Amino acid sequence: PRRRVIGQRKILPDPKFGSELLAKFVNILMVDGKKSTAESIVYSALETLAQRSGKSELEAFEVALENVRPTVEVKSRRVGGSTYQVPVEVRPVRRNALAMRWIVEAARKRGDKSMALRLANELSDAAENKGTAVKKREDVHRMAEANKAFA
Amino acid sequence: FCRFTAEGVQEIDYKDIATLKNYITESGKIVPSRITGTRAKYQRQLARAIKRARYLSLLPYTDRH
Amino acid sequence: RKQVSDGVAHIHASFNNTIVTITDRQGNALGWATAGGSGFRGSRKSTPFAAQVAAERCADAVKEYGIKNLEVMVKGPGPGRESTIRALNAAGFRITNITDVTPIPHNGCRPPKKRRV
Amino acid sequence: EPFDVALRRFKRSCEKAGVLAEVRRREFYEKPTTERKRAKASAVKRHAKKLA
RNA sequence: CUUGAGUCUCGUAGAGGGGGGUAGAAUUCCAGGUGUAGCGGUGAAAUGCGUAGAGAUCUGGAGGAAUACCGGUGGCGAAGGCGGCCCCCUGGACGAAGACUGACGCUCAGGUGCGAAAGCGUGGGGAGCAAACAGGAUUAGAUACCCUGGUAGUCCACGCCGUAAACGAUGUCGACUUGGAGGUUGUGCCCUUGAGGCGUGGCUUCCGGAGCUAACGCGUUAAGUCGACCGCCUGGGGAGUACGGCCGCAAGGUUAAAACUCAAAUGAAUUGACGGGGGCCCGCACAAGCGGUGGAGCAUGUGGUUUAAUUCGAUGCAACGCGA
Ligand SMILES: [Mg+2]
Ligand SMILES: [Mg+2]
Ligand SMILES: [Mg+2]
Ligand SMILES: [Mg+2]
Ligand SMILES: [Mg+2]
Ligand SMILES: [Mg+2]
Ligand SMILES: [Mg+2]
Ligand SMILES: [Mg+2]
Ligand SMILES: [Mg+2]
Ligand SMILES: [Mg+2]
Ligand SMILES: [Mg+2]
Ligand SMILES: [Mg+2]
Ligand SMILES: [Mg+2]
Ligand SMILES: [Mg+2]
Ligand SMILES: [Mg+2]
Ligand SMILES: [Mg+2]
Ligand SMILES: [Mg+2]
Ligand SMILES: [Mg+2]
Ligand SMILES: [Mg+2]
Ligand SMILES: [Mg+2]
Ligand SMILES: [Mg+2]
Ligand SMILES: [Mg+2]
Ligand SMILES: [Mg+2]
Ligand SMILES: [Mg+2]
Ligand SMILES: [Mg+2]
Ligand SMILES: [Mg+2]
């Protein structure tokens, strides 16, 4: 991307709920090209949150999303030949992407003898703003606030 | 610009602070001629008048003292 | 531990270090802190962040004087000249006005010789 | 009165009065020959710029 | 005789020179007013000041040196050079319209004067800066660049020195030869005059014609076309050295060779290469991502070692699951 900026590839909406957000989620935790293997974990870990953790699975998805979304991120760029940790603003769609990418990384360390159980547990815990996933967002914010001197 | 030729005044007076003030910045620094448009013959007399007035305490040197 | 009912902030700045000093209009120092006394030394000493720390440090170190209205005189061309201004506007400092007090010699003394590097 | 756009009013008088540049200039001694050489360089440049 | 040169009357601009006053900003030091732990320094440090109070901050004083901006592509001076303000003595240039002298001119070997900075002698003065020097660093070294200090010196008076890339690398005077855009400085005229538009000078900056030049370039301020006079050059090193003379307190200056040595040394421009010179523009080069290698076991190649032999080749990318 040096001459023309192509940008991110467009994606089909999720088959079960017709939502691009959840489709990108299954694309972002799919391993080795195993689409059905991943979405069978996704839909179960959302059904479990539907019945007990909240009232609606699709909206609980968002209430956990914006509960882990970061706002200001240090993207290290040397302006004039000095290591400057300049803080820049994330775009909305990249914000959602970072959020889901962090929530899947949180579910990975959960253990709990399952994958659906981990995803459900951490998606809930993040929706309540008390999850291993939210700490990385506030650490991004900590590192953004430390390096304010370079604005 | 070049006001001292439109009026045609032959001599600039160090006692005419009303005119000298229009050629001095808030910092107290003389304004260049590339900014005010004055002629060189008259910019030299302006600088002389401004210095003579700053000696008689009729004008500040710097904005502080 | 005593009031003066007013204050004047004097931000001395150098390329090497920035010094913040709250003093009464009579020029009597009430409190002071330097960006080198903030735990930042050498290169870390000279940066807008260090001066921002020293500003608040001096603010708190004088806070017991109940200073509210202050006049800011900033000096020196180094960085942190405005950073310090902002970082002391914190803690409800009612800034009256600022003024550049940098010493400008009228072709008075010979400066040191140009460095080679 | 706001403190933010009261500080941008400082960064206008400060700069247009130059003093930041003057401290750098008076930081080190410029030999008069270098002064005149630099004056002539700037002269020829900002002169022959506005012809071509 | 009056056209060259010069004089007189009237003005204009100017860091022209000498002398004497003087003001404001800043540095440093001193004394104190408040006040607390750092200050200062650098690539990063340390030496260095600081708790006997530093630095920071305010007041008052001392002192030396230099004059922010105005400031210029500006001006003046024979050149070196000359920059706050005021006074005093003073030199030159220029303009206007006249009057006057009547070739009184140009150049100039020796000669005489002036002549940046450093340096020298005597007597001062000494804030800052800063050879030598002292310490702290850097480095393989570091008698350096970097840092904290710091002496002569820089400043003043009177003498000496007489040298610079003292350069426009371009001697002085005069005449002649297409133009354009400027700056600075006088001045004639005319608009109704304020502005404004025409004429004529002085100096000065930049393009460019003819011509000239090896080229670069110069180009009405010639390096063009000519005249008058003076200085100087004769291959590169040796050598602006030796010897002698003159000059200097001294450092040294000036005038100024030869033996010997080499077959070149050099000027400008050209084509590339190179630069710890620029400007730019692409590539999974980086960034943004996803997955690996590097750890384990094995498979395979290579090096090495071993062997009677471990057949030969391929070895940075561009050899090593390569020829096979
Ligand atoms: Mg220094
Ligand atoms: Mg004079
Ligand atoms: Mg004391
Ligand atoms: Mg002249
Ligand atoms: Mg002679
Ligand atoms: Mg001398
Ligand atoms: Mg002497
Ligand atoms: Mg002496
Ligand atoms: Mg030194
Ligand atoms: Mg020193
Ligand atoms: Mg000596
Ligand atoms: Mg010269
Ligand atoms: Mg010569
Ligand atoms: Mg001629
Ligand atoms: Mg030309
Ligand atoms: Mg000729
Ligand atoms: Mg020739
Ligand atoms: Mg010879
Ligand atoms: Mg000799
Ligand atoms: Mg001799
Ligand atoms: Mg050549
Ligand atoms: Mg990458
Ligand atoms: Mg391995
Ligand atoms: Mg291994
Ligand atoms: Mg082998
Ligand atoms: Mg082999």
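For neighbour counting, all protein chains shown are included, and Cβ atoms are generated from backbone atoms with ideal geometry for every residue, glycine included. Every number in this text was worked out from the coordinates using simple rules, so none of it is lab data.
Around residue B:58, under 13 Å between beta carbons, what's the net of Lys plus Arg minus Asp minus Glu among the other residues?
Surrounding charge for residue B:58 is +3.
Counting only helical runs of four or more DSSP H residues, what would the 222 nm mean residue ellipticity of chain B come to if each run contributes -39,500 (n - 2.57) and the total is spread over all its residues?
-11000 deg cm²/dmol
What are the extents of the Cα atoms of the protein assembly as shown along their three principal axes, in Å, largest first?
Cα extents, longest axis first: 96, 69, 47 Å.
If you take the charge dipole of the protein assembly as shown about its Cα centre, with +1 on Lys and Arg Cβ and -1 on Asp and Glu Cβ, which of A:46, C:76, A:88 is farthest toward its positive end?
Comparing the listed Cα positions along the dipole, C:76 ranks first.
Could you give me D for region C:2-117, from Stokes-Einstein at 25 °C and 0.890 mPa s, where the hydrodynamic radius is the Kirkwood radius over C-alpha pairs? Units µm² s⁻¹, please.
Rounded, D is 167 µm²/s.
Pick out, from D:29, D:13, D:44, the residue whose Cα sits farthest towards the positive end of the charge dipole of chain D, with +1 on the Cβ of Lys and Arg and -1 on the Cβ of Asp and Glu.
D:44
Mind putting a number on the dipole of chain B about its Cα centre? Charges go on the C-beta only, +1 for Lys and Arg and -1 for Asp and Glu, and I need it in Debye to the nearest 20.
Dipole magnitude for chain B comes out near 280 debye.
Past the 18 angstrom mark, what percentage of all C-alpha to C-alpha distances in chain B do you count?
29
What FRET efficiency comes out for residue A:2 versus residue A:94 if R0 is 22 angstrom and r is the Cβ-Cβ distance? Round to the nearest 0.05.
FRET efficiency, residue A:2 to residue A:94: 0.65.
Quote the FRET efficiency, to the nearest 0.05, computed for residue A:113 versus residue A:9 with a Förster distance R0 of 35 Å and r equal to the Cβ-Cβ distance.
Efficiency for this residue pair is about 0.45.
Of the candidates B:50, B:17, B:35, which one comes out as most mobile in a Gaussian network treatment of chain B with C-alpha springs shorter than 10 Å?
Highest fluctuation among the options: B:35.
What is the average number of partner chain Cβ atoms found within 10 Å of a Cβ in C:93-102?
Neighbouring Cβ atoms belonging to other protein chains average 4 per residue here.
Counting other C-beta atoms within 10 Å, which of A:124, A:40, B:57 has the fewest, and how do the rest follow?
In order of increasing Cβ crowding within 10 Å: B:57, A:40, A:124.
Viscosity 1.002 mPa s, temperature 20 °C: give me the Stokes-Einstein translational D for chain A in µm²/s, with Rh taken as the Kirkwood radius over C-alpha pairs.
Answer, rounded: 128 µm²/s.
Taking the Cα centre of chain A as the origin and placing charges on Cβ (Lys, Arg +1; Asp, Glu -1), which of A:107, A:60, A:124 is farthest toward the positive end of the dipole?
The listed residue farthest towards the positive side: A:107.
Running Debye on region C:1-63 with equal point scatterers at the Cα sites and no solvent, what base-10 log of I(q)/I(0) appears at q = 0.15, 0.20, 0.23 Å⁻¹?
-0.43, -0.69, -0.84
Given a cut-off of under 8 Å on Cα pairs at least six residues apart, what relative contact order in percent is computed for chain B?
41
Compute the Rg to Rh ratio over chain D from the alpha carbon atoms, using the Kirkwood formula for Rh, and round to two decimal places.
1.22
Rounded to the nearest 20 Debye, what is the dipole magnitude of region A:1-116 about its Cα centre when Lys and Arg each give +1 and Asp and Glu each give -1 at the C-beta?
Here the size comes out at about 760 debye.
Computed FRET efficiency, Cβ-Cβ of residue A:51 and residue A:142, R0 25 Å: what is it to the nearest 0.05?
That pair, residue A:51 with residue A:142, gives E of 0.10.
Dipole of region C:41-117, Cα-centred, from +1 at each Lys and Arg C-beta and -1 at each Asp and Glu C-beta, to the nearest 20 debye?
The dipole of region C:41-117 has a size of about 700 debye.
Just for the protein assembly as shown, what percent of DSSP beta bridges are antiparallel, to the closest 5?
55
Can you give the average number of partner chain beta-carbon atoms within 10 Å of each beta-carbon in peptide B:55-63, as a whole number?
What the average comes to for B:55-63 is 1.
Can you give the longest stretch of chain A with no exposed loop site, where a site means trypsin sites (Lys or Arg not before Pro) in a DSSP loop (not H, G, I, E or B) with at most 15 other C-beta atoms within 10 Å?
A:79-108
As an exercise, identify the chymotrypsin sites (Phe, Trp or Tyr not before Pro) in chain B lying in DSSP coil whose Cβ has no more than 10 other Cβ atoms within 10 Å.
Qualifying residues, ordered by number: B:1.
What do you get for the angle between helix A:134-146 and the principal long axis of chain A? Use alpha-carbon atoms, 0 to 90 degrees, nearest ten.
Helix A:134-146 and the main axis of chain A meet at about 10 degrees.
Would you compute, for the Cα atoms of region A:111-151, the largest minus smallest coordinate along each principal axis and list the three values in descending order, in whole Å?
45, 17, 10
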